[PDB]
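> Got a structure here, written out as structure tokens. Questions coming.
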Amino acid sequence: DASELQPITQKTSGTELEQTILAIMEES
Amino acid sequence: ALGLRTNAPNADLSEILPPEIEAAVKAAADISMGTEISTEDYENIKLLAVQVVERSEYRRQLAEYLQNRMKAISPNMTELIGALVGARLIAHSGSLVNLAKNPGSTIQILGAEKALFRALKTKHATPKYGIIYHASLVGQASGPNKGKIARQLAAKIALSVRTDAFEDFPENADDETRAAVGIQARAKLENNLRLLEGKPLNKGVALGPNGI
Amino acid sequence: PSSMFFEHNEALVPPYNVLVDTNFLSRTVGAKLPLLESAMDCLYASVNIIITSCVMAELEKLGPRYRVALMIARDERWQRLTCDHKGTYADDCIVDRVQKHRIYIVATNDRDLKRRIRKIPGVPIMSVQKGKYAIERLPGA
Amino acid sequence: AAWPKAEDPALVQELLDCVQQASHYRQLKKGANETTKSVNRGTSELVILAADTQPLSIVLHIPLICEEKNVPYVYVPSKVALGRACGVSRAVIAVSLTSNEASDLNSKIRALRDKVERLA
Amino acid sequence: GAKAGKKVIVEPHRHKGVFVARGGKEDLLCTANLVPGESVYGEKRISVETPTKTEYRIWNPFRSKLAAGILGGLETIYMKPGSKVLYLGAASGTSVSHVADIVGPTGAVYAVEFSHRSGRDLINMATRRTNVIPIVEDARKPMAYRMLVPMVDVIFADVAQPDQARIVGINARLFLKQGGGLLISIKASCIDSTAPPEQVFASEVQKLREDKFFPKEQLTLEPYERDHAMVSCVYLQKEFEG
Amino acid sequence: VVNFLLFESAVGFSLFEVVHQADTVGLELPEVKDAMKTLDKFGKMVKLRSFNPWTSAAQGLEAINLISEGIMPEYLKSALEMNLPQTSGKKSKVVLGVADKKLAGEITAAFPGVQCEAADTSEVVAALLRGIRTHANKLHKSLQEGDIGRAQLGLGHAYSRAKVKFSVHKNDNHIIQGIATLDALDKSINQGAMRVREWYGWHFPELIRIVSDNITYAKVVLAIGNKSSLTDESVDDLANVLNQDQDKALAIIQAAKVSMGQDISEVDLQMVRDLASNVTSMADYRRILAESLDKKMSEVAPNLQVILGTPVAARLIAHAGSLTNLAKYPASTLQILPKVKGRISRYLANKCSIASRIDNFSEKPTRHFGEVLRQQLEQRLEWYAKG
Amino acid sequence: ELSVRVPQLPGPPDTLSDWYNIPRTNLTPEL
Amino acid sequence: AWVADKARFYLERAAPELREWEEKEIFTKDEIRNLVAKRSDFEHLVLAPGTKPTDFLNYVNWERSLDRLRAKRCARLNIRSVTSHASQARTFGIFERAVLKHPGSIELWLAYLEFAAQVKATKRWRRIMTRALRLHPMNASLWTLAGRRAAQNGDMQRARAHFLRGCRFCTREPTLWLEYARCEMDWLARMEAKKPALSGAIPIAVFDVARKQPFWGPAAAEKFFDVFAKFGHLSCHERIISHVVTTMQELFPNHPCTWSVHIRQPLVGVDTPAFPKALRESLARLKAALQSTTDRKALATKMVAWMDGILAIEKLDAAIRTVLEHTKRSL
RNA sequence: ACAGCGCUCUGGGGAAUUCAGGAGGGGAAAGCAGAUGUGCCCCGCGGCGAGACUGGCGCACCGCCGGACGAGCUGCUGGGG
Ligand SMILES: [Zn+2]
């Protein structure tokens, strides 16, 4: 299904922004 | 005013030409494909632009001087056709008293002399006008009325040049009474032009749908 | 065409390109005669030996009596010139090919096609003459 | 700067042997201006350029006309060897050897320009 | 010869965009100059003052294989004014200027050169002419300029390579319309130096036909160049446009 | 069986989603070729799914210089992350169609669930991307801002110039057009000075007999005012115009005292001094051009500058058309552009051809080879005197 | 913004559109 | 153009709703002939070759006003049997072939999203939003609409998904970055008002990644501070503001924007005796800023703009007001 | 002019205008391959998928191929409420 835009994970994280935001939310 | 293409979003250009013309210059400065030049060559390009703008300012003040000197010399002819065409006629004839010795048929075809003498020697049809074509009063007509107004205007120019080159004045004479023949001839000639333009078209039989 | 000096084709130098017709192919299988070996023994030179799809088409259109000549033609080591035309008529295909390019040696045995290709300057005609082959209008052989 | 440079293993000496053969056959133009005029007149089949030239811009200007006319060009590494191979008693930095309709040198020319087109 | 200052008259050719200027003792071929008042490579050009901005430029057949083919008498050259032309083998941009002058301002010429100094000369003449774009890339790898070349109508191919038919085959598979015109200039001494030239030309025509072209004309452009041919062919159809 | 396909163009890259995919056995059939021709029967096949334009020409230049080399860019990875359904290829894959095989391998290595089909290998996706390249102007026109022609033109120029490094060693246009300006305004300076000389010698006819160097004539008719208001060494001017105290200003003033020409009016004197200001402004611009053109010639072609001299050297450059044409010409063509005079002419043409090719084909050229050849011409000038 | 139009209603071609507008021959006796 | 045969289907689909409206007493027969003629003219205009998004929007507005008119008339005539579902289905059909024909028109995409949000279609709205974002990825307005509506729904993970893909794409302008910091701090305020998150480190991380972007100017960092300075009633707000000020001071030391944040820093959550105390602190900072070596015209224009923002509020003292006027006039 | 040859014949030209056809160029998103309102929940089937296992092979030894559990998320014009 490519119906909607799924939430990002560490596999589909591209940039330093998404890496740092996912690191903070993983430490949460 | 606009420097290199890098100075285009920070330029001011509305003082020389209004927008709807000079927003496309900023768009094309963003999207163009010219090669980059140093500022050390833009000094030469800006300085040649300085040169040609200064030449234009000098040519404009030379045109104003030519207008003032023509209204000083020949007020009748300047009231008839204007200073630039009057100066062209004075230039081709050599001087004012050398233009004044010319008939109106000569003043009609001053400047068109190559076509004139070609046609006269080969039995072709001569040109209708010369320098007179770029006056104001022959440019409003259209069709054969252009040649008719060229004839009439050349005759009035001959009268006005003879008046401006031979008539004396008490030296406390206003310019409005020094250009009296020019004012009267221009008013009469504009009336004749609007009659020639308001000549109506030919009547016809108005037919119905049947042909009756 | 270039390389033509007054009905002398200078374009044909070995390895010789030889176009094969169905009559020549049926008779060189009928005379117990190997095709490339006898062409090389006739010309004393290396041939490359080509068969148009019209020639393969007429050999297939003839029945299963000619299956041996069909397999002999369908030997893999030979060039197959695909044709881009409609009728699959081998005579007009060969004549149009030869009229365009004129590098070929036409190997036939029917006198109609032989008289048709004798009119144009500078193509040799190879025909089997019951003992071996025989080349007609090639000057170097 | 000279990217179609000839390498050592018996290609430079094949080039210079073909150069000497053409110089005996009088089918060869010597020097930069004569190579340039032969390429621009289109009679050239191959052009050899020295690579040991004091400043290299001469045998850099010749490949532009050779690439525009599409003739093969190749650099040999010694102008002294090129002059000795031509038989000049001067060092030659550019050699263009032309085409004729009937020779036996043209087989060497054809094999040499096949090797040069493989070198490019 | 055709000295400077002689008066010639300029009539249209049978082709579109090409003119023939005849006068006195020498009739020559010319194309309408896109940027007037300046020559590219120091050619003779023809000025006519119409009853200024109109100038024609003379097309040397000994220098350009397209003008050699036009004077040989091709049936068509496929490049009408306003047709996109992909030029392969645009060495220094001498004949590319005449192709751009044929296709005019509303056409486009995508000139592919591989070498770099020829690329400099090409970028200079394409700075002058705004309808030729220069592409410095290898013509053997057309994946490099697939962002730059849209589907063109004509391909000119003046590459002297032994893999010339494969180069033109992949370039026309990528950037040529259905029923696409092309002119390929075959040099027999560079294709196969041992074989006779007529056999080389027939083999190259057969390779094009295997690479899906339909060849329609072929002339050996003989009084201008030895052992050269120009083959005209249409991609994926029998008629040119449709 | 294709699911999506990438398509990169000069305005940006767009990926289409195929519905009713193409028949692969009848690809060489005339009805299917006519379907690929007509837009009304190929737009049923492709439906535009996503579009990503560039932000700037710098990003488009980086896009070509990554894609042509093979490596995919980060924003292409971004748009593929956004448009493709996120999978890994264990139980369901997505078939993407791309034009290049190296890009196919990299997209498959970046996304393991996306199987890429290259147009260089697969005839179905080759014909399908060929149809999209055919109809690419109409498939995008609802969001195609402007056109594609000028974008492809400017982007091909930017790509070729970045590959060649064109602007760092193409410099001759300033020189050739500066020669054109220098000759044109030298003629205009002489003509305006002749005009002001006649039209001021009508008023004061002693100045033409007593003063030459028409630029200094324009300066003295700028500073002199009228015939009546002369004094010799008033302020700041005549001491550095010419000799001051005992040589010139006295002679101009006694020429004014014995002068007999027509008396001029104020407005006519205003117009003559305006013309003189014009002429001397053009003369100042001529000396600025000469200094800047000498510096530009020493930057571009110093060897020709030292063996010929910069005016005649840049005349030769402008008449040849460019430095590349000047270097491509041989020495006899450079002769085109007694006996000892022709011999020195041929020798000078040879060494000027060598200097032109040396100064052209360098990246940033030098000085000493032109110095050596000028010393060689000087020692030949010494050599011909012994005979 | 939006003006009244000028109504401008009152054989072989003069200039060739495909050949960049070569004018038709003014057949003078010298030509 | 097969437009007659193409529009025949849409008219034959809209026919049985008209049969139900005629068999009820809701529309009379002449009015139903008028509805037939108007829908026929609209369909033959919509399915024409040369069409426009304003034409599609005129048809959408007419069908939606017909649904509203029939709703008013049905409530007046007291019928409950007639439903609006067929009208909503055909309006969705108009919009779907609209976004098929003209996908590059954000006015029509936003009108589609407004219609789908207005008749309570959340899942359909999310699918339309995904298609619109795929076609216009550089549109900060579409990205903020997606992220703000997902935050308004409360799916903060989906709001972060839309916002992080948006900040991955839109990096030319600061707008979507400012809106993402605004949405993250609004989530922080929601997490506070519900009483990691205790640190609130995500806008500091947004700032630290935004430090290397192609829009990174001192004016852009001042826009970051002007976003952050709102809703100061939080926990780590002083931490965020102080980090912004020390970042701007360590990077752009003598910029008028950095002097402006040095002026306007200590007035975070003030409205009240702590108001003029921090005002006197800030005015000391401002007087030091005005005398200090900075572009005084730029700093004065910033301060007269902020002082218009100051003068916009009532409930102050007249001596403070007139000394703001006195310090304003000589700038 | 005679002789000869060709085309054509409600004789032959030109113009205006009406109707019936033919060929070509350019422009057009030029797109009716299966046309079913929205929202939630349950069922069935299917995808991502964190994590946890397990079988056999492995004489370049460095690694393979395969089973079945699964938090969480999600699709359905499959059908029912
Ligand atoms: Zn055939």
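Chains: A, B, ... in order of the structure tokens. Residues: from 1 per chain. Ligands: from 1, in order shown.
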Could you tell me, counting only C-alpha atoms (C1' of nucleotides) and all ligand atoms, which protein and nucleic acid residues lie no more than 10 Å from ligand 1, written as a PDB file with N, CA, C and O atoms, in the first residue's frame?

```
ATOM      1  N   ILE C  51      22.487 -16.981 -48.518  1.00  0.00           N
ATOM      2  CA  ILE C  51      21.195 -17.457 -48.980  1.00  0.00           C
ATOM      3  C   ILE C  51      20.133 -16.503 -48.462  1.00  0.00           C
ATOM      4  O   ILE C  51      20.029 -16.271 -47.254  1.00  0.00           O
ATOM      5  N   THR C  52      19.366 -15.926 -49.371  1.00  0.00           N
ATOM      6  CA  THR C  52      18.331 -15.013 -48.937  1.00  0.00           C
ATOM      7  C   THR C  52      17.136 -15.787 -48.398  1.00  0.00           C
ATOM      8  O   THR C  52      16.954 -16.984 -48.656  1.00  0.00           O
ATOM      9  N   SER C  53      16.304 -15.078 -47.640  1.00  0.00           N
ATOM     10  CA  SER C  53      15.117 -15.696 -47.080  1.00  0.00           C
ATOM     11  C   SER C  53      14.075 -16.018 -48.136  1.00  0.00           C
ATOM     12  O   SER C  53      13.246 -16.893 -47.902  1.00  0.00           O
ATOM     13  N   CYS C  54      14.128 -15.382 -49.308  1.00  0.00           N
ATOM     14  CA  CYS C  54      13.283 -15.819 -50.415  1.00  0.00           C
ATOM     15  C   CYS C  54      13.725 -17.173 -50.945  1.00  0.00           C
ATOM     16  O   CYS C  54      12.890 -17.996 -51.335  1.00  0.00           O
ATOM     17  N   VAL C  55      15.032 -17.420 -50.963  1.00  0.00           N
ATOM     18  CA  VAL C  55      15.548 -18.706 -51.412  1.00  0.00           C
ATOM     19  C   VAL C  55      15.192 -19.797 -50.413  1.00  0.00           C
ATOM     20  O   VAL C  55      14.732 -20.885 -50.793  1.00  0.00           O
ATOM     21  N   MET C  56      15.360 -19.506 -49.121  1.00  0.00           N
ATOM     22  CA  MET C  56      14.913 -20.430 -48.083  1.00  0.00           C
ATOM     23  C   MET C  56      13.400 -20.624 -48.113  1.00  0.00           C
ATOM     24  O   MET C  56      12.909 -21.731 -47.865  1.00  0.00           O
ATOM     25  N   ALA C  57      12.658 -19.586 -48.489  1.00  0.00           N
ATOM     26  CA  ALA C  57      11.210 -19.667 -48.578  1.00  0.00           C
ATOM     27  C   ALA C  57      10.764 -20.566 -49.718  1.00  0.00           C
ATOM     28  O   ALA C  57       9.828 -21.348 -49.557  1.00  0.00           O
ATOM     29  N   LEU C  81      20.845 -13.551 -45.229  1.00  0.00           N
ATOM     30  CA  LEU C  81      20.469 -12.172 -45.502  1.00  0.00           C
ATOM     31  C   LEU C  81      18.955 -12.082 -45.437  1.00  0.00           C
ATOM     32  O   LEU C  81      18.261 -12.595 -46.320  1.00  0.00           O
ATOM     33  N   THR C  82      18.445 -11.445 -44.392  1.00  0.00           N
ATOM     34  CA  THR C  82      17.008 -11.247 -44.259  1.00  0.00           C
ATOM     35  C   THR C  82      16.548 -10.218 -45.279  1.00  0.00           C
ATOM     36  O   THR C  82      17.260  -9.255 -45.577  1.00  0.00           O
ATOM     37  N   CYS C  83      15.390 -10.458 -45.873  1.00  0.00           N
ATOM     38  CA  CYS C  83      14.889  -9.565 -46.896  1.00  0.00           C
ATOM     39  C   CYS C  83      13.693  -8.777 -46.380  1.00  0.00           C
ATOM     40  O   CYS C  83      12.857  -9.285 -45.629  1.00  0.00           O
ATOM     41  N   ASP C  84      13.603  -7.523 -46.811  1.00  0.00           N
ATOM     42  CA  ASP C  84      12.495  -6.651 -46.434  1.00  0.00           C
ATOM     43  C   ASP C  84      11.739  -6.308 -47.709  1.00  0.00           C
ATOM     44  O   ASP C  84      11.926  -5.238 -48.291  1.00  0.00           O
ATOM     45  N   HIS C  85      10.867  -7.220 -48.117  1.00  0.00           N
ATOM     46  CA  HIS C  85       9.958  -7.043 -49.241  1.00  0.00           C
ATOM     47  C   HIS C  85       8.844  -8.063 -49.065  1.00  0.00           C
ATOM     48  O   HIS C  85       8.823  -8.812 -48.085  1.00  0.00           O
ATOM     49  N   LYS C  86       7.913  -8.104 -50.014  1.00  0.00           N
ATOM     50  CA  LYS C  86       6.656  -8.805 -49.785  1.00  0.00           C
ATOM     51  C   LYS C  86       6.623 -10.200 -50.400  1.00  0.00           C
ATOM     52  O   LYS C  86       6.491 -11.191 -49.679  1.00  0.00           O
ATOM     53  N   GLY C  87       6.784 -10.299 -51.716  1.00  0.00           N
ATOM     54  CA  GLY C  87       6.311 -11.451 -52.468  1.00  0.00           C
ATOM     55  C   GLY C  87       7.031 -12.766 -52.256  1.00  0.00           C
ATOM     56  O   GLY C  87       6.449 -13.806 -52.580  1.00  0.00           O
ATOM     57  N   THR C  88       8.242 -12.739 -51.689  1.00  0.00           N
ATOM     58  CA  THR C  88       9.169 -13.881 -51.630  1.00  0.00           C
ATOM     59  C   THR C  88       9.354 -14.531 -52.999  1.00  0.00           C
ATOM     60  O   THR C  88       9.117 -15.724 -53.189  1.00  0.00           O
ATOM     61  N   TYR C  89       9.782 -13.720 -53.960  1.00  0.00           N
ATOM     62  CA  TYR C  89      10.148 -14.172 -55.293  1.00  0.00           C
ATOM     63  C   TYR C  89      11.658 -14.033 -55.423  1.00  0.00           C
ATOM     64  O   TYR C  89      12.186 -12.913 -55.426  1.00  0.00           O
ATOM     65  N   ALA C  90      12.342 -15.175 -55.514  1.00  0.00           N
ATOM     66  CA  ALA C  90      13.792 -15.223 -55.377  1.00  0.00           C
ATOM     67  C   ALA C  90      14.513 -14.527 -56.516  1.00  0.00           C
ATOM     68  O   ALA C  90      15.563 -13.921 -56.288  1.00  0.00           O
ATOM     69  N   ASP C  91      13.956 -14.579 -57.727  1.00  0.00           N
ATOM     70  CA  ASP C  91      14.599 -13.960 -58.880  1.00  0.00           C
ATOM     71  C   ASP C  91      14.632 -12.446 -58.744  1.00  0.00           C
ATOM     72  O   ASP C  91      15.690 -11.823 -58.891  1.00  0.00           O
ATOM     73  N   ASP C  92      13.491 -11.839 -58.426  1.00  0.00           N
ATOM     74  CA  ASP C  92      13.450 -10.394 -58.264  1.00  0.00           C
ATOM     75  C   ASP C  92      14.178  -9.942 -57.009  1.00  0.00           C
ATOM     76  O   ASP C  92      14.765  -8.856 -57.010  1.00  0.00           O
ATOM     77  N   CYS C  93      14.188 -10.764 -55.953  1.00  0.00           N
ATOM     78  CA  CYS C  93      14.973 -10.432 -54.764  1.00  0.00           C
ATOM     79  C   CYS C  93      16.462 -10.398 -55.070  1.00  0.00           C
ATOM     80  O   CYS C  93      17.159  -9.446 -54.697  1.00  0.00           O
ATOM     81  N   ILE C  94      16.957 -11.422 -55.768  1.00  0.00           N
ATOM     82  CA  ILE C  94      18.372 -11.507 -56.104  1.00  0.00           C
ATOM     83  C   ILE C  94      18.765 -10.391 -57.061  1.00  0.00           C
ATOM     84  O   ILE C  94      19.813  -9.756 -56.891  1.00  0.00           O
ATOM     85  N   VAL C  95      17.903 -10.082 -58.031  1.00  0.00           N
ATOM     86  CA  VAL C  95      18.226  -9.041 -58.997  1.00  0.00           C
ATOM     87  C   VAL C  95      18.196  -7.658 -58.358  1.00  0.00           C
ATOM     88  O   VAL C  95      19.067  -6.833 -58.643  1.00  0.00           O
ATOM     89  N   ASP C  96      17.264  -7.396 -57.437  1.00  0.00           N
ATOM     90  CA  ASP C  96      17.257  -6.102 -56.761  1.00  0.00           C
ATOM     91  C   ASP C  96      18.460  -5.942 -55.839  1.00  0.00           C
ATOM     92  O   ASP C  96      19.075  -4.869 -55.808  1.00  0.00           O
ATOM     93  N   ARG C  97      18.823  -7.002 -55.108  1.00  0.00           N
ATOM     94  CA  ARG C  97      20.019  -6.992 -54.270  1.00  0.00           C
ATOM     95  C   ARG C  97      21.288  -6.732 -55.064  1.00  0.00           C
ATOM     96  O   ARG C  97      22.089  -5.864 -54.685  1.00  0.00           O
TER      97      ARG C  97
END
```
> Using only C-alpha atoms and a cut-off of 10 Å, which residues of chain E sit close to chain F? Please list them as a ChimeraX atom specification.
/E:38-42,107-110,113,115-124,126-127,130-137,141-152,170,173-179,236-237,242
> Any idea what the distance is between CA of residue 155 (chain H) and CA of residue 169 (chain H)?
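Computing it gives 21.5 Å between the two atoms.
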> How many Å separate CA of residue 356 (chain F) from CA of residue 327 (chain F)?
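According to the coordinates, CA of residue 356 (chain F) and CA of residue 327 (chain F) are separated by 5.7 Å.
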> Give me the residues near residue 17 (chain H) as number ranges by chain, where near means some atom within 12 Å (using only C-alpha atoms (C1' of nucleotides)) and where sequence neighbours in that chain fewer than 3 positions away do not count.
H: 11-14, 20-24, 26-27, 32, 35-36, 67, 70, 82-87, 89-90
> Skipping near chain neighbours, those fewer than 3 positions away, what residues fall within 10 Å of residue 9 (chain E) using only C-alpha atoms (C1' of nucleotides), listed as a ChimeraX atom specification?
/E:20-24,27,46,48 /G:31
> Could the residues in this selection be written to a file with N, CA and C atoms, as a compact mmCIF listing (two decimals), in the first residue's frame?

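Saved as part25.txt:
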```txt
# COMPACT_ATOMS: atom_id res chain seq x y z
N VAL E 20 21.51 28.03 -53.33
CA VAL E 20 22.63 27.98 -54.26
C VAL E 20 22.84 29.38 -54.81
N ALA E 21 24.05 29.90 -54.65
CA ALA E 21 24.41 31.22 -55.13
C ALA E 21 25.26 31.04 -56.37
N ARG E 22 24.71 31.43 -57.51
CA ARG E 22 25.37 31.24 -58.78
C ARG E 22 25.74 32.59 -59.36
N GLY E 23 26.88 32.64 -60.03
CA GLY E 23 27.26 33.87 -60.70
C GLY E 23 28.55 33.75 -61.47
N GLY E 24 28.55 34.19 -62.72
CA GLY E 24 29.77 34.23 -63.49
C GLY E 24 30.31 32.87 -63.87
N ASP E 27 29.35 28.48 -59.42
CA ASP E 27 28.13 28.36 -58.64
C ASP E 27 28.51 27.64 -57.35
N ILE E 46 28.23 35.84 -48.04
CA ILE E 46 27.56 36.59 -49.09
C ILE E 46 26.61 37.59 -48.46
N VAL E 48 23.81 40.49 -48.97
CA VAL E 48 22.85 41.12 -49.86
C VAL E 48 22.08 42.18 -49.09
N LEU G 31 18.82 42.70 -63.89
CA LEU G 31 18.68 41.32 -63.44
C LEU G 31 18.34 40.38 -64.60
```
> Chain I residues within 7 Å of chain H, counting only C-alpha atoms (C1' of nucleotides): which ones, as a ChimeraX atom specification?
/I:28,32,37-38
> Could you turn the residues from that selection into a file that holds N, CA, C and O atoms (P, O5', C5', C4', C3', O3' and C1' of nucleotides), as a PDB file, in the first residue's frame?

```
ATOM      1  P     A I  28      -0.052  22.704 -28.754  1.00  0.00           P
ATOM      2  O5'   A I  28      -1.446  21.992 -28.459  1.00  0.00           O
ATOM      3  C5'   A I  28      -2.567  22.733 -28.007  1.00  0.00           C
ATOM      4  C4'   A I  28      -3.737  21.835 -27.713  1.00  0.00           C
ATOM      5  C3'   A I  28      -3.461  20.644 -26.823  1.00  0.00           C
ATOM      6  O3'   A I  28      -3.389  21.009 -25.454  1.00  0.00           O
ATOM      7  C1'   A I  28      -4.903  20.033 -28.611  1.00  0.00           C
ATOM      8  P     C I  32     -10.820   8.812 -22.377  1.00  0.00           P
ATOM      9  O5'   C I  32     -11.643   7.584 -21.807  1.00  0.00           O
ATOM     10  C5'   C I  32     -11.707   7.322 -20.416  1.00  0.00           C
ATOM     11  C4'   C I  32     -12.840   6.383 -20.129  1.00  0.00           C
ATOM     12  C3'   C I  32     -12.822   5.100 -20.939  1.00  0.00           C
ATOM     13  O3'   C I  32     -11.989   4.098 -20.385  1.00  0.00           O
ATOM     14  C1'   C I  32     -14.964   6.085 -21.072  1.00  0.00           C
ATOM     15  P     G I  37     -21.272   5.009  -4.926  1.00  0.00           P
ATOM     16  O5'   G I  37     -19.829   5.657  -4.762  1.00  0.00           O
ATOM     17  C5'   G I  37     -19.134   5.572  -3.527  1.00  0.00           C
ATOM     18  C4'   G I  37     -19.300   6.823  -2.705  1.00  0.00           C
ATOM     19  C3'   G I  37     -18.625   6.808  -1.348  1.00  0.00           C
ATOM     20  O3'   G I  37     -17.255   7.150  -1.423  1.00  0.00           O
ATOM     21  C1'   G I  37     -20.845   7.577  -1.119  1.00  0.00           C
ATOM     22  P     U I  38     -16.198   6.441  -0.451  1.00  0.00           P
ATOM     23  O5'   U I  38     -16.447   7.140   0.952  1.00  0.00           O
ATOM     24  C5'   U I  38     -16.274   8.537   1.103  1.00  0.00           C
ATOM     25  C4'   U I  38     -16.757   8.994   2.450  1.00  0.00           C
ATOM     26  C3'   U I  38     -16.146   8.278   3.632  1.00  0.00           C
ATOM     27  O3'   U I  38     -14.869   8.784   3.957  1.00  0.00           O
ATOM     28  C1'   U I  38     -18.480   8.474   3.935  1.00  0.00           C
TER      29        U I  38
END
```
> Using only C-alpha atoms, which chain H residues lie at most 9 Å away from chain A, written as a tab-separated table (two decimals) with N, CA and C atoms, in the first residue's frame?

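Once written, part_20.tsv looks like this:
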```
chain	number	residue	atom	x	y	z
H	126	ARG	N	-6.56	11.96	3.84
H	126	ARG	CA	-5.15	11.57	3.95
H	126	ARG	C	-4.63	11.03	2.63
H	127	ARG	N	-5.47	10.30	1.89
H	127	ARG	CA	-5.02	9.80	0.59
H	127	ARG	C	-4.85	10.93	-0.43
H	128	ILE	N	-5.77	11.89	-0.43
H	128	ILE	CA	-5.65	13.05	-1.32
H	128	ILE	C	-4.43	13.88	-0.95
H	129	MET	N	-4.15	14.00	0.35
H	129	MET	CA	-2.99	14.75	0.80
H	129	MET	C	-1.69	14.07	0.38
H	130	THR	N	-1.67	12.74	0.40
H	130	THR	CA	-0.48	12.02	-0.06
H	130	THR	C	-0.25	12.23	-1.55
H	131	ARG	N	-1.32	12.19	-2.36
H	131	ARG	CA	-1.16	12.42	-3.79
H	131	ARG	C	-0.73	13.85	-4.10
H	157	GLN	N	3.12	10.99	15.51
H	157	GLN	CA	4.09	10.26	14.69
H	157	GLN	C	3.86	10.51	13.21
H	158	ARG	N	2.59	10.55	12.78
H	158	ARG	CA	2.30	10.86	11.38
H	158	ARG	C	2.59	12.32	11.06
H	159	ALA	N	2.35	13.22	12.02
H	159	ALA	CA	2.70	14.62	11.83
H	159	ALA	C	4.21	14.80	11.69
H	160	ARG	N	4.98	14.06	12.48
H	160	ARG	CA	6.43	14.09	12.32
H	160	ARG	C	6.87	13.46	11.02
H	161	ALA	N	6.16	12.43	10.54
H	161	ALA	CA	6.49	11.83	9.25
H	161	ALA	C	6.36	12.84	8.11
H	162	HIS	N	5.21	13.52	8.06
H	162	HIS	CA	4.98	14.55	7.05
H	162	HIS	C	5.98	15.69	7.20
H	164	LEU	N	9.06	15.68	8.60
H	164	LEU	CA	10.46	15.39	8.34
H	164	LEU	C	10.70	15.15	6.86
H	165	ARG	N	9.73	14.56	6.15
H	165	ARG	CA	9.87	14.52	4.70
H	165	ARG	C	9.78	15.91	4.09
H	167	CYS	N	10.82	18.76	5.55
H	167	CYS	CA	12.10	19.42	5.76
H	167	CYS	C	13.22	18.75	4.99
H	168	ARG	N	13.04	17.50	4.58
H	168	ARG	CA	13.97	16.88	3.66
H	168	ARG	C	13.87	17.50	2.27
H	196	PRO	N	14.05	13.39	25.78
H	196	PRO	CA	12.61	13.17	25.95
H	196	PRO	C	11.80	14.47	26.03
H	197	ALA	N	10.62	14.39	26.64
H	197	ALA	CA	9.78	15.57	26.79
H	197	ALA	C	10.25	16.45	27.94
H	201	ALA	N	14.41	18.47	23.87
H	201	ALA	CA	15.62	18.69	23.10
H	201	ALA	C	15.38	18.76	21.60
H	202	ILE	N	14.16	18.50	21.14
H	202	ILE	CA	13.88	18.47	19.70
H	202	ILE	C	13.96	19.82	18.99
H	205	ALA	N	17.62	20.35	18.57
H	205	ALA	CA	18.12	19.51	17.48
H	205	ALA	C	17.73	20.07	16.12
H	206	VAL	N	16.53	20.63	16.01
H	206	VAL	CA	16.09	21.27	14.78
H	206	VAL	C	16.98	22.46	14.45
H	208	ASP	N	20.15	22.79	15.50
H	208	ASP	CA	21.49	22.31	15.23
H	208	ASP	C	21.60	21.69	13.84
H	209	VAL	N	20.51	21.12	13.32
H	209	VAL	CA	20.55	20.64	11.93
H	209	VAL	C	20.26	21.78	10.96
H	210	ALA	N	19.47	22.77	11.37
H	210	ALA	CA	19.20	23.93	10.53
H	210	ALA	C	20.39	24.86	10.40
```
> In Å, with one decimal, what is the gap from CA of residue 107 (chain C) to CA of residue 64 (chain C)?
23.6 Å
> Among region 2-239 of chain E, which ones does DSSP place in strand (DSSP E or B), written as a ChimeraX atom specification?
/E:9-12,18-23,26-32,45-47,55-58,84-88,108-113,132-136,152-157,176-187,213-219,228-235
